[PDB]
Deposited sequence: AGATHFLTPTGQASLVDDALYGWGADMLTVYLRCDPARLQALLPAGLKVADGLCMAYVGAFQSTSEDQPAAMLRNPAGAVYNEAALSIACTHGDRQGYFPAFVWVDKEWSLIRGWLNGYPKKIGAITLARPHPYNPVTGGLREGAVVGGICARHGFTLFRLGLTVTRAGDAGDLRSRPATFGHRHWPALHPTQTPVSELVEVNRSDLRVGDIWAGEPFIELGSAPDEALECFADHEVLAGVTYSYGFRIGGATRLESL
């Protein structure tokens, strides 16, 4: 069921399948508030910024195609990726997030993302959590620390951290049901066929192993990024957790 480059009759060499995928992930998330007017400039036409709430995350993801549920056995690097993002709370009519800036370390997740309107670049991303068998720290508990960082082209993009203060629950995260995407494929020559459309993307959502705590975030700057759009912020809360979901193709809105 491979649907992209490299196209061959077998489909073995395609980056992404036309198939349902499943994800499990561990996440470090920091909620922020920026000037809503600055964030609106980053939103595609038809989405309205909320009160400036933003989420920064660094996560470690494990995805599986329903078309090849055992692919991890022979191709482990095709089954895991890391990702960092700065996402903006917004509305279409319906509450959601628009993930304006996303960096991932596997291009199959980049392209799958782009096809469903997720703006992604390639970066280097690390999520560090205390391993539960680590005898010096144990795992997640009060006093545990979690860290994340992402970088691209030699530039630090942002750093995130959490000092865990207590076990948490769904109250400690700002869930908004929709994820809005901008499926965009521009023309570099006037004869090329462009695509530009708003889409909405997840079923079977489970969230758990939630810990809340004292967050920190430090934004970097790069000549080919626009990180300053998130610079003048209020840091609201931090949480770390695990989550699983299924996604298909994102549905065209307009």
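Numbering the deposited sequence from 1, one finds several regions with no C-alpha coordinates, namely 94, 203, 257 to 258.
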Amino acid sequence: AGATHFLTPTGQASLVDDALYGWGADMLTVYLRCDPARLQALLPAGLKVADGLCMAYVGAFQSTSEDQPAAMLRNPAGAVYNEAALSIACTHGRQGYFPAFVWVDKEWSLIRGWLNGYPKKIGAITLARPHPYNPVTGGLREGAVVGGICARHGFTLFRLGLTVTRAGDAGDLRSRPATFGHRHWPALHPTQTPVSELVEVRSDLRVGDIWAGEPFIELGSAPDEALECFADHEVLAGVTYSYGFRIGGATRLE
From here on, numbers count along this sequence of modelled residues.
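Look at the C-alpha B-factors of 25 to 33 and of 50 to 58. On average they run higher in 50 to 58. Annotation for 202 to 210 versus 220 to 228: the higher mean temperature factor (C-alpha) is found in 202 to 210. Sorting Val239, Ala19, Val235, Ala13 by the CA temperature factor given in the entry leaves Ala19 at the top. Among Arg74, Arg129, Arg152, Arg94, the highest C-alpha B-factor recorded in the PDB entry belongs to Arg94. Remark: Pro99 belongs to the middle third of its chain, ranked by C-alpha B-factor as recorded. Split the chain's modelled residues into thirds by C-alpha temperature factor. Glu142 is in the middle one. Ranked by Cα temperature factor within the chain, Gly171 sits in the highest third according to the deposited record.
The deposited CA B-factor of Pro44 belongs to the highest third of values across its chain. In the PDB entry, a CA B factor belonging to the lowest third of its chain's modelled residues is recorded for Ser63.
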